[PDB]
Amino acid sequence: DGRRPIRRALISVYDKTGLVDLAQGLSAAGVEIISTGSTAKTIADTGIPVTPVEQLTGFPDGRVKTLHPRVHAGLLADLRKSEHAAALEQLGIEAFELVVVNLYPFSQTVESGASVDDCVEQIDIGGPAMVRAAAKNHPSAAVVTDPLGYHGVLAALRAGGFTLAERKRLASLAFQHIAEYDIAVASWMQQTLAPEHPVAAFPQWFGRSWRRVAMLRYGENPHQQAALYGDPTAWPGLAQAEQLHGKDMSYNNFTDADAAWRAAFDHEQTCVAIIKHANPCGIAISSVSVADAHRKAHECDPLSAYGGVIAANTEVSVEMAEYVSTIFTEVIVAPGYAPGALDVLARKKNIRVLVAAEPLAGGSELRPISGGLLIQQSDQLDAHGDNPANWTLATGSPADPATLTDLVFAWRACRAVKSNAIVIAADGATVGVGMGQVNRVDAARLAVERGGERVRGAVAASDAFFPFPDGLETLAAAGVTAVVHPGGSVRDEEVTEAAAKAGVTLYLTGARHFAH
């Protein structure tokens, strides 16, 4: 088992939470406590005897208190080797079985908005060196870096020490915390201490760590395994969603929920988005209710909504839940659910019901690629051209207020559709969506075929300019009255002429919204 009885413990903690309880426990079991500064005073003020580190070393400007061989030899001596044991005995140095250290809170000093000098001062040197030394010498030493493990220490103390397996685990955790601490120190120094000139949108180095939340049902396909990880520092998202009902989440369930969440919060009005394979099959807004927004979004493409992922940018009502319960739905994500809505959704056993925190706009997006990573600013639909006031009317009569709000809806909805994308919309609802096409005219053909009869009199949005007039002709031939696209082709006037010939209102934004 490899249990070693605890005889000497080295305690040097910034956070003194649970320290007196731990110290009482250790002292009662005849453990010698060796401690530094304010940790030693906290213990001694209770009457518990404590050996100062200065008595061990015989050396007294603060910043270098435990960086001494009479500390580190006791931590690093491999007691499995006779020659290391003999060296300690000859130097009159005893080993430490237990090392309890928690570091200067650097990330919290930064989080409180302290100066450069104050944050630099909270960079611990001795602490990580003690933790790494005890972690490296896990066959002999046990290292605890959080007051959470203190009852584990008193339990191990009662059991005649920690096992070898327990000490390996503690060492592994110790090195994770040191890596997290250093990521935080390196990230802050790059940003605040030594930034680039001229200041750059993305830094020269990027580092992050995550903690496993759960194993998923499977990956993108059942022969692939997958896991979900959370970023404890980040603002809560889908990775922190609360599951209130249903079978376990798969990888695709999470990617779809994330895509549906983003598509719903891309609208100011009450909005419901229905997603299939990271693409919307139906999006709608309402000035009436969530239920009306869900009905409109579902009626766009009921055949595709089968096994869909639903997101609402407001509380799901009982009225909406009743309709969702009659449709095959895999996932529903919302900022909350009205009294009785969860019970209506729970009528179907498998549907995953999630509660998520409302999104925080203006972040950076990570996109991994083979051998590396792409980092970009997220498309927040806030470009100069995303404001309809900044649109250029290329041909036709200006849109009436109802036609314009539909154009803004179709325009904002085209962001979430994978490229090449065409969104045909009317009365704040999509009627035909042409997604993920390798050419623009096929995306226009798709949206027209799906839209069916509802295309006549509707508006359309193109996420990129029409390179040739055929894509626009497809929409005009189907009865689309107004079209909004970025413009920007050398062939723009051919496209504008085709819309002029058809008597179609055409707007140019100068802003593009590809998504993949």
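Start at 1 with the first residue shown and count on from there.
Participant: Gap size between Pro60 and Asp61, counting deposited residues with no coordinates: none, 1 to 3, 4 to 9, or 10 or more?
Facilitator: Gap between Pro60 and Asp61: 1 to 3 unmodelled residues.
Participant: Per the record, averaged over C-alpha atoms, which has the higher B-factor: 482-490 or 42-50?
Facilitator: The entry gives the higher C-alpha B-factor average to 42-50.
Participant: Please compare 402-410 with 110-118 and say which has the higher mean C-alpha temperature factor in the record.
Facilitator: Taking the mean C-alpha B-factor of 402-410 and of 110-118, the larger value falls to 110-118.
Participant: Compare the CA B factors listed in the entry for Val309, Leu345, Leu216, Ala234 and report the winner.
Facilitator: In the PDB entry, the greatest C-alpha B-factor among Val309, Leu345, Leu216, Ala234 is found at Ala234.
Participant: Please pick out which of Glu97, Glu220, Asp258, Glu83 has the largest Cα B-factor as recorded in the entry.
Facilitator: Of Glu97, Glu220, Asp258, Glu83, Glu83 has the highest C-alpha B-factor.
Participant: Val417's Cα B-factor: lowest, middle or highest third of the chain?
Facilitator: For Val417, whose C-alpha B-factor we compare with every modelled residue in the chain, the answer is the lowest third.
Participant: Can you work out whether the C-alpha temperature factor of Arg208 puts it in the lowest, middle or highest third of the chain?
Facilitator: Middle third of the chain for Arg208's C-alpha B-factor.
Participant: Which third of the chain holds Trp188 when residues are ordered by C-alpha B factor: lowest, middle or highest?
Facilitator: As the PDB entry reports it, the C-alpha B-factor of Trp188 lands in the middle third of its chain.
Participant: Which third, lowest, middle or highest, does the CA B-factor of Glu268 fall in along this chain?
Facilitator: Its C-alpha B-factor, which the entry lists for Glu268, ranks in the middle third among residues of this chain.
Participant: Place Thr395 in the lowest, middle or highest third of its chain's C-alpha B-factors, as listed in the PDB entry.
Facilitator: For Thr395, the deposited C-alpha B-factor lands in the highest third.
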